[PDB]
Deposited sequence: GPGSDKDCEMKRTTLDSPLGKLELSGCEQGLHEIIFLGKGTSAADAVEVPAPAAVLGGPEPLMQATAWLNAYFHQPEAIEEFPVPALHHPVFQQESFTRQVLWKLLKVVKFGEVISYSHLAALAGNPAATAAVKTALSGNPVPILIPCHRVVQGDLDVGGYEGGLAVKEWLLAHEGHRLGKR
């Protein structure tokens, strides 16, 4: 019911479509009036993703856009999983599904964590690629394994592959 605008960007992973309202970013989708630099969520999201890919050493300098997908508008374990992942798991780190489950308030709910991650509407920004099965097992990805491994390699992680 929000008044939605969209923008596209090029990335090493193909074209990304951003959609959002004045209250926040809604979605980042892999497709395979505002000026850049502005405070509008879509513009902040654009800036953040471009820095992620092209100036990753500066990534913490960039404002994280407000998020307004309906999954962020109400309390839930799914929201806890997404927000805790965003808040806690930094560029270049990973966390296991099981430790994220505990972080999000339900230790041992690994399958529910996986379901929440599959429903992440803002991939890369909320870093579902940094959630792994265990120390030697990168686990699965809603976007596909090759993408998960590529992102981890971009961030210099041991579990990265490209």
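- Residues of the deposited sequence that lack C-alpha coordinates fall in the stretches 1-6, 39-52.
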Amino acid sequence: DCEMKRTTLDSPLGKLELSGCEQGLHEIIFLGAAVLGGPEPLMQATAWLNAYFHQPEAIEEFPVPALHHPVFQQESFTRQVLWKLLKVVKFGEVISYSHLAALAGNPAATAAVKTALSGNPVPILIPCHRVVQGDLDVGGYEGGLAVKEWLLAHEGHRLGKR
From here on, numbers count along this sequence of modelled residues.
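- Stretches 8-16 and 21-29 differ in mean C-alpha B factor, with the higher average recorded for 8-16.
- The stretch 35-43 shows the higher mean C-alpha B-factor when 35-43 is compared against 124-132 in the entry.
- Residue 145: CA B factor lies in the highest third for its chain, per the PDB record.
- Looking at the C-alpha B-factors along this chain, the one for residue 137 belongs to the middle third.
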